[PDB]
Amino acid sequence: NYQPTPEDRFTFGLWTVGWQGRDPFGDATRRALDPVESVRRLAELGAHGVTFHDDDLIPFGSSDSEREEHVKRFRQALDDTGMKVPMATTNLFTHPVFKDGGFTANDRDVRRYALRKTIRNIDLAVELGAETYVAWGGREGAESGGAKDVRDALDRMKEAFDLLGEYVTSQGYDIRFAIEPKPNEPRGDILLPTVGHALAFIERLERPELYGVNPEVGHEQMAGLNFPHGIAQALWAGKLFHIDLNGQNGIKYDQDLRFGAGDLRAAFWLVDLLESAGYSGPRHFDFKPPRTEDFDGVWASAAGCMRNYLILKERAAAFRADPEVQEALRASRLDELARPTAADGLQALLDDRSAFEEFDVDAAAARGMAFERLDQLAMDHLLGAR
């Protein structure tokens, strides 16, 4: 029943199944996992590959000797299992030096350090074959209004990303960047808080074609926003380079539940969109197995991520293939939404008396949209009840 293959392109971060369960009010409930064991266990479950922060793979403060040993053992597990590494990223948030940010820290020497730590890990990412480099600026922000002049901060943020674009262009690397937005936590407010703010920032970079977004289900839902809508806007702009899948129950702390938990109907509309638009990138899970769980529960939670995606894929495909649904879509005029408003042009529209002077407003107004029957067909399909 609903078994994943490496062809489904499911990926997990080392830090996901590796989360030891330390939260703001409690100590860890699980021992540390060796990244080599996580690679093996994930390959057994049907995953396609893994992702990493620099500091997940190479402990902070490691000598070039220990660094080389850690990478070599990782490489061997990849060769042994067939697992890929499609994305990597930088930890610019755990160590105390980043307490006021990395790229937008008020201290200039910290910003320079942040850039050098990033560039070193871009080299490693290319070596391991990654196509996408993600940046989540979790410490870029403020708890108080006077601590951060946001215009100056956006200048420094642009400067950082422009320098990174110069670096990969100089080296001839085939890698693209993806900015991951989040509205708050751990800072009181985070810069570039939603998909839209990130898309707008990208258009001010020197080489905008090198940058896209890495949206996360739970993050947009922490602002009360419709995640499938934001993903549609990112696809419309040609900027969905990567995506993070998980679950969230509303406006509260970042829960990082397994995918399919949280807002189930939103998860259905998301899969419908991703499959219908032909998104071809990794289906990456950024989730945390609850700290109530032991290691058997960690792997059950990971498996459930993939299972829920495949069940929703099946139901969304049945929905769109149903002749009764295609009829209802025409009844609600989704076909007319796809047709241009005025391909005749501005002058024709102005001269068209049926568009205003002779337009029957009351006849158009009384036409029902038939959206509630359409949505109940969608419910019936989701629940396997047609």
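Note that residue numbering follows the sequence shown and begins at 1.
A.B. asks: Which wins on mean Cα temperature factor, 351 to 359 or 319 to 327?
C.D. replies: Comparing averages over the C-alpha atoms only gives 351 to 359.
A.B. asks: Per the entry, where is the mean C-alpha temperature factor higher: 117 to 125 or 216 to 224?
C.D. replies: Averaged over C-alpha atoms, the B-factors run higher in 117 to 125.
A.B. asks: So among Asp256, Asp107, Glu143, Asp174, who wins on Cα B-factor in the entry?
C.D. replies: In this record, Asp174 carries the highest C-alpha B-factor of the candidates.
A.B. asks: Of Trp269, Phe287, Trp236, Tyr279, which one's C-alpha B factor is largest in the deposited record?
C.D. replies: In this record, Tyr279 carries the highest C-alpha B-factor of the candidates.
A.B. asks: Relative to the other modelled residues of the same chain, rank the CA B-factor of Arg291 and answer lowest, middle or highest third.
C.D. replies: As the PDB entry reports it, the C-alpha B-factor of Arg291 lands in the middle third of its chain.
A.B. asks: Which third of the chain holds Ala385 when residues are ordered by C-alpha B factor: lowest, middle or highest?
C.D. replies: For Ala385, whose C-alpha B-factor we compare with every modelled residue in the chain, the answer is the highest third.
A.B. asks: Divide the modelled residues of the chain into thirds by Cα B-factor and specify which third, lowest, middle or highest, holds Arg151.
C.D. replies: Middle third.
A.B. asks: Thinking about Cα B factors across the chain, which third does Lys72 belong to?
C.D. replies: Highest third, going by the recorded CA B-factors of the chain.
A.B. asks: Ranked by Cα temperature factor within the chain, is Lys99 in the lowest third, the middle third or the highest third?
C.D. replies: Highest third - that is where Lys99 ends up once the chain's C-alpha B-factors are sorted.
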